[PDB]
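Just the heavy atoms: all of them, side chains too, but no hydrogens, waters or symmetry mates, feed the values below. Sequence lines set the chain letters: A, B, ... in the order given, protein chains first and strands last, and positions in each chain run from 1. Counting starts at 1 for both ligands and their atoms, in listed order.
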Number of protein chains: 2
Amino acid sequence: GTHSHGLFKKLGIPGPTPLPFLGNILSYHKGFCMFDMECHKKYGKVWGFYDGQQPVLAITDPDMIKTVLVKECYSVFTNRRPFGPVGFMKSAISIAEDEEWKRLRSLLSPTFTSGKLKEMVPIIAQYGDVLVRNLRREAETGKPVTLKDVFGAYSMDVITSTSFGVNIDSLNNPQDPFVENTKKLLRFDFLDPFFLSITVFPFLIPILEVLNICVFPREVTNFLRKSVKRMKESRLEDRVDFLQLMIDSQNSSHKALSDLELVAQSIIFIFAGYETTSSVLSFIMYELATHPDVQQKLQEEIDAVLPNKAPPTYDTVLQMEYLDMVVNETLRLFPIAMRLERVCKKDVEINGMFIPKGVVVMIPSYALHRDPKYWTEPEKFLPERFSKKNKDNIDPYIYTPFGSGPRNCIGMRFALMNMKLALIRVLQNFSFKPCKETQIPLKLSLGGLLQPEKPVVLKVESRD
Amino acid sequence: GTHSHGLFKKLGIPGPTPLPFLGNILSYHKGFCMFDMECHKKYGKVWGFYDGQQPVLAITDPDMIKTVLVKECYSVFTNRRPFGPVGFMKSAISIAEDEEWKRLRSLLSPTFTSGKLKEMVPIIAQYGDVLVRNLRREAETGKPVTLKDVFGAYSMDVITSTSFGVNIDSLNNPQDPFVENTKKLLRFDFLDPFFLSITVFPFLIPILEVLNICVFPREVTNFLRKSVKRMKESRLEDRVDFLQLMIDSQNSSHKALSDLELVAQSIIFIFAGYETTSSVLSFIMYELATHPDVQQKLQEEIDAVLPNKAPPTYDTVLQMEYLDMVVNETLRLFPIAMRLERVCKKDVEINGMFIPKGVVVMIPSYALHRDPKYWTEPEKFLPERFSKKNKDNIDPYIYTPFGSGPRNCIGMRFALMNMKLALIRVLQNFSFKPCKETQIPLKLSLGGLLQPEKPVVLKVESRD
Ligand code: HEM
Ligand code: HEM
Ligand SMILES: CCCCNc1ccc2c3c(cccc13)C(=O)N(CCCC)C2=O
Ligand SMILES: CCCCNc1ccc2c3c(cccc13)C(=O)N(CCCC)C2=O
């Protein structure tokens with residue numbers, strides 16, 4: 001039960017001693033983030049641990065992190081940890097490996113250009129207005145509002161319309177078969193029973209693939225596959241969404257995106273942007289209600305750029321420095337990816353350190369973001385860290401809320417524009433105050449997702 | 001049960017239609033060799049079939065075969081089919097993959113040079129004499145002789161002494177712990193129940209690895225590991241064998257052969273040279289007893305080069321053209337590897353044919369060796385095919401008894417020198433005649449090893 005549990009003693013690398021079979025998973029009782037803080041404080045710059053039989057080497061050195069995420073990305077550190085039975089979703093860009101990934105990123109990167117993005121702002125902006133009208137009636141009511149649900153619906157509306165050209169008010173159509181399915185595409189909690197068991201029993205993943213058992217519920221994938229097949233066959237008789245952009249890239253080097261590859265990207269885009277965007281949007285409105293100074297300052301900035309509740313535009317969005325500072329400071333405190341990982345594909349020596357084939361090199365983003373050594377008052381919400389007076393003292397490989405290098409988040413600038421468009425229209429119309437249900441201070445789940453312990457609820461007063 | 005069973009219909013490639021789950025394995029009731037002849041005759045140049053869910057594309061075109069075994073060996077077609085739970089034997093050169101294999105072949109090729117080989121002939125030659133004295137007493141007795149056993153013991157003696165510097169008369173020491181274990185390293189019958197089940201249930205191989213269950217009986221591997229560890233620790237206090245040559249290459253580019261890598265090569269060498277050498281030596285003496293003309297002609301050639309029962313030498317061995325013709329013609333009829341295989345590592349187009357990632361490209365050596373289109377009277381034993389008058393009409397990619405290109409048999413010229421040294425000393429002293437037990441004509445097993453149906457027995461008369 002300890003065939004590989006000797007690797008870090010032999011390489012001289014420190015860390016918590018592993019138990020036969022389990023590795024260090026019982027140390028996850030407090031969640032990925034507490035585990036990474038404790039190891040960092042205890043073992044220092046570099047340390048190892050075992051997810052079952054799987055050795056994970058954590059690195060915290062900015063120069064080492066860059067070699068991994070940027071320098072030897074293609075040569076050595078190309079892929080993330082395989083994580084369970086995955087079926088045809090093996091070809092979604094976030095899961096594909098080595099040369100297939102590079103072909104998919106080349107094929108899909110033209111779809112996330114700033115040019116295409118500002119062509120999508122009129123679509124996103126429309127559901128900002130839907131978000132507002134939904135919020136006002138739950139404000140005129142005066143009853144506390146669950147951000148998870150108002151911003152979930154917003155994020156869904158922006159995916160349904162920019163991904164597929166489907167226009168739904170999901171908040172007022174929770175039974176549209178398109179909403180019911182897509183709502184099921186939540187992010188994975190790698191500390192829940194199924195994934196914990198998979199971690200101790202990875203030899204069982206090939207058995208689940210053969211039974212077409214899949215972490216993506218084949219009930220929802222099947223729906224979307226046949227949905228996309230329908231949109232693909234319609235339209236062609238008679239738009240600026242992701243699906244169309246992928247239909248078009250099938251008409252030119254690299255082999256055009258096959259029909260099933262295409263569907264796989266549509267799905268992963270949903271999975272990668274849905275519960276993420278809503279989690280950040282909720283964390284941000286949590287900090288704005290517990291720091292009224294900042295909320296007022298931001299409402300003041302928005303009103304100056306968009307006088308008279310003027311509708312936001314791509315260009316007026318990139319203008320708002322304080323809004324950028326607020327978004328960023330929220331992502332420092334709550335980097336919802338928690339860790340970046342890369343599989344070491346071959347024996348290497350980066351920065352004087354020998355990394356053997358097979359190890360999972362992991363960057364504890366949550367921990368580096370709250371390290372005393374780089375950040376004053378590291379638990380405080382303090383947007384002035386990202387003022388231009390201060391943002392140059394910030395290491396791009398310490399602050400990695402979207403990752404770094406060729407395999408960073410391909411939807412970053414889309415996700416930032418989307419969240420800010422939401423915030424502008426929400427703050428033009430409303431102020432957000434705490435309640436008695438409001439967990440102050442916010443507690444994070446001990447699970448495997450960086451999310452509040454209990455969901456966040458707030459007062460929403462109308463400014464008019 | 002037919003997720004991949006549609007590949008050859010879609011690519012336009014012909015072949016026998018597969019059954020859910022099984023693929024075409026039930027067609028193996030007649031053995032690998034009959035299956036390959038029937039498909040060749042029926043589907044022609046190229047055809048596909050499924051070993052369980054595993055698609056195998058057979059190719060018979062000499063130009064296509066060369067692209068696979070020679071041209072795109074490193075780029076595309078580097079590795080053989082994985083075949084079962086294999087433990088630490090994952091690093092033996094015949095099993096290792098991609099860049100690890102290339103490092104091992106670079107490290108071990110200097111050990112199979114002609115220079116080192118003629119330095120080993122005095123060792124091999126010694127057990128030729130042991131073979132003779134063993135044969136004479138079973139000849140003076142007059143009782144039929146089982147070649148499997150006389151040549152098994154010969155091959156063992158040559159491995160024990162050239163591999164490890166261990167000198168045993170295995171025929172007269174069947175209880176030496178070193179003989180008992182090494183005798184257990186027989187070749188795999190991929191049509192026996194365990195490997196058939198593995199072929200239908202490959203998703204179970206990771207479960208067997210985790211239980212340290214291994215196709216190499218960990219009872220024998222453990223013995224040799226600790227044996228080599230002993231020879232390694234002895235000697236060093238106080239030789240021209242393979243082990244020493246590997247000890248020496250650990251003292252220089254590529255990282256020297258680690259202690260466990262070294263042991264893995266020692267073992268695989270045994271597995272690759274033991275039952276192979278004895279099978280060919282037995283097939284050859286079968287043809288010499290059923291073609292007395294050829295046996296006399298060869299005895300005549302040997303006596304001319306080595307007058308007065310003179311002991312053979314490296315240089316007098318490469319002299320004997322008829323002996324070379326006999327060995328080669330026997331290997332045509334009985335290429336004991338039966339097939340060469342390479343895994344297609346990425347989508348390629350060789351010779352106008354699209355090969356997708358994952359397919360096992362297989363070369364039916366047995367079948368090409370008995371193809372009417374290249375060979376007159378293809379079932380006849382006719383050594384004059386390899387006379388210099390005729391051997392230029394022979395395609396090196398049709399006749400592939402040791403494979404071809406960078407991944408051919410690294411012990412070829414050793415195995416040829418070894419078999420010929422055996423034949424010379426045996427034919428200087430004895431003539432071999434059939435018996436009534438002698439299966440005429442020889443029938444091949446319907447199993448997965450190319451071997452006689454019933455073992456071969458012969459009269460052995462002394463020439464003096
Ligand atoms: C606030 C919202 C989001 C955050 C914080 C976020 C964060 C991240 C992080 C940390 C990574 C890992 C990159 C690495 O390993 O270095 C990632 C990858 C990725 N993200 Fe985002 N993401 C967000 C929203 C989105 C959206 C809206 C999309 C697309 C519509 C998206 C698509 C992807 C994809 C496809 C990957 C995998 C990229 C690849 O492997 O090539 N994400 N994300
Ligand atoms: C008559 C005796 C033998 C025959 C007919 C034979 C035949 C073969 C064949 C057909 C291959 C496959 C090559 C390919 O895939 O193209 C092979 C590989 C190999 N043989 Fe032999 N072999 C014999 C004896 C030996 C001996 C004596 C040794 C070493 C002592 C040996 C070591 C190997 C090894 C290590 C491989 C794998 C090479 C690699 O993957 O790099 N064989 N053999
Ligand atoms: C063989 C599969 C075992 C399944 N098990 C895990 C799968 C994936 C991950 C994983 C992680 C920890 C423990 C188990 C697994 C992990 O940190 N990450 C990085 C993202 C941070 C939240 C993973 O992608
Ligand atoms: C996933 C493992 C399934 C096990 N099963 C087989 C393993 C290996 C081979 C194999 C073959 C046929 C059918 C099953 C397997 C085969 O032809 N060769 C080439 C050598 C010719 C005798 C193999 O190395």
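- When hydrogens are left out, the protein atom nearest atom 13 (C) of ligand 1 is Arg407(A) O, 3.2 Å; that is the closest non-hydrogen contact.
- No salt bridge links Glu209(A) with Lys90(A); every basic N to acidic carboxylate O contact stays at or beyond 4.0 Å.
- The protein non-hydrogen atom at the shortest distance from atom 7 (C) of ligand 1 is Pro401(A) O, 3.8 Å.
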Would you check, one step at a time, whether the test side chain to side chain contact (heavy atoms under 4.5 Å, CB included) holds for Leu333(A) with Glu287(A)? CA-CA 10 Å; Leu333(A) 276 179; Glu287(A) 304 289 348; 4.1 Å; yes
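- Close to ligand 1: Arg80(A), with a non-hydrogen atom less than 4.0 angstrom away.
- Within 6.0 Å of NZ in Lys66(A) there are 12 or fewer heavy atoms belonging to other residues, nucleotides or ligands.
- Atom 34 (C) of ligand 1 has as its closest protein heavy atom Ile410(A) CG2, 3.9 Å.
- On a distance-only criterion, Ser94(A) and ligand 1 share no N/O pair closer than 3.5 Å.
- In this structure, atom 23 (C) of ligand 4 lies nearest to the protein heavy atom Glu341(B) OE1, 3.6 Å.
- For the residues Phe283(A), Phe242(A), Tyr274(A), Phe402(A), the heavy atom positioned nearest atom 4 (C) of ligand 1 is part of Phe402(A).
- The protein heavy-atom contact nearest to atom 6 (C) of ligand 4 is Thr199(B) OG1, 3.6 Å.
- Heavy-atom distances between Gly52(A) and ligand 3 stay at or above 4.0 Å for every pair.
- In this structure, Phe188(B) has its ring center closer than 6.0 angstrom to the ring center of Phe83(B).
- Which parts of ligand 3 touch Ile205(A) is read off a 4.0 Å heavy-atom cut-off, strictly below it: atoms 1 (C), 2 (C).
- The single protein non-hydrogen atom nearest to atom 17 (O) of ligand 3 is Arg339(A) NH1, 3.0 Å, given as residue, atom name and distance.
- Aromatic pair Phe32(A)/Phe190(A): centroids not less than 6.0 angstrom apart.
- In terms of protein heavy-atom proximity, atom 13 (C) of ligand 3 is closest to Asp51(A) OD2, 3.3 Å.
- By heavy-atom distance, the residue among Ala415(A), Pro335(A), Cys409(A), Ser404(A) lying nearest atom 20 (N) of ligand 1 is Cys409(A).
- Looking at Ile93(A) against ligand 1, both its backbone and its side chain come within 4.0 Å, counting heavy atoms.
- With hydrogens and angles ignored, the 3.5 Å screen pairs a side-chain donor or acceptor of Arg80(B) with a backbone N or O of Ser94(B).
- Side chain of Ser155(A) to backbone of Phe151(A): no donor-acceptor contact under 3.5 angstrom is found.
- Put simply, the side chain of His254(A) never gets that close to the backbone of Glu100(A): no donor and acceptor are under 3.5 Å apart.
- One finds a salt bridge joining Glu329(A) and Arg332(A) here, because a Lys/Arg side-chain nitrogen approaches an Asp/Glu carboxylate oxygen to under 4.0 Å.
- Of all atoms in ligand 1, listed by their number and element, those nearer than 4.0 Å to a heavy atom of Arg105(A) are 38 (C), 39 (C), 41 (O).
- The backbone N or O of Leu69(B) sits nowhere less than 3.5 Å from a side-chain atom of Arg342(B) that would complete a donor-acceptor pair.
- Heavy atoms of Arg342(A) approach ligand 1 to within less than 4.0 angstrom.
- Atom numbering of ligand 1 starts at 1 in the shown order; those under 4.0 Å from a heavy atom of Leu340(A) are 10 (C), 12 (C), 14 (C), 15 (O), 16 (O).
- Heavy atoms of other residues, nucleotides or ligands lying less than 6.0 angstrom from CZ of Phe21(B) number 12 at most.
- Among the atoms of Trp101(A), some N or O lies under 3.5 angstrom from an N or O of ligand 1.
- Summary of contacts: the protein heavy atom closest to atom 31 (C) of ligand 1 is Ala272(A) CB, 3.6 Å.
- If you number the atoms of ligand 3 from 1 as listed, the ones under 4.0 Å from a heavy atom of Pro202(A) come out as 1 (C).
- Salt-bridge formation is detected for the pair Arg81(B)/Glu341(B): a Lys NZ or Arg NE/NH1/NH2 atom is positioned less than 4.0 Å from an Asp or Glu carboxylate oxygen.
- Nearest to atom 10 (C) of ligand 4 among the protein's heavy atoms is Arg81(B) CZ, 3.7 Å.
- Distances below 4.0 Å separate heavy atoms of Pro82(A) from the following atoms of ligand 3: 1 (C), 2 (C).
- Counting only distance, with no hydrogens or angles, the side chain of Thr160(A) and the backbone of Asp157(A) share a donor-acceptor pair below 3.5 Å.
- Nearest to atom 1 (C) of ligand 1 among the protein's heavy atoms is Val280(A) CG2, 3.7 Å.
- Taking the centre of each ring, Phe334(A) and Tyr286(A) stay at or above the 6.0 Å mark.
- Close approach of ligand 1 to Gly403(A) (heavy-atom distance below 4.0 Å) involves ligand atoms 10 (C), 16 (O).
- Nearest protein heavy-atom neighbour of atom 28 (C) of ligand 1: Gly411(A) CA, 3.8 Å.
- Listed by atom number, the atoms of ligand 3 under 4.0 Å from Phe83(A) heavy atoms are 2 (C), 4 (C), 7 (C), 8 (C).
- Ring geometry for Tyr28(A) against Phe49(A) counts as perpendicular: the plane angle is over 60°, on a 0 to 90° scale with 30° as the lower cut.
- Taking every heavy atom of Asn408(A) and a limit of under 4.0 angstrom, the matching atoms of ligand 1 come to 13 (C), 16 (O), 38 (C).
- At the shortest separation from atom 10 (C) of ligand 1 among protein heavy atoms lies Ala337(A) CB, 3.4 Å.
- Between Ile268(A) and ligand 1 there is no heavy-atom distance shorter than 4.0 Å.
- The aromatic rings of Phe414(A) and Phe242(A) lie perpendicular to each other, with more than 60° between the two planes, well past the 30° mark.
- With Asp98(A) contributing its side chain and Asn79(A) its backbone, the two residues share no donor-acceptor pair below 3.5 Å.
- Using a distance-only test at 3.5 Å, with no hydrogens or angles considered, no donor-acceptor pair links the side chain of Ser109(A) to the main chain of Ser106(A).
- Comparing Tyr366(A), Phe32(A), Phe195(A), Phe188(A) against atom 22 (C) of ligand 3, the shortest heavy-atom distance belongs to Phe32(A).
- Remark: minimum distance from atom 27 (C) of ligand 1 to any protein heavy atom is reached at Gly273(A) CA, 3.6 Å.
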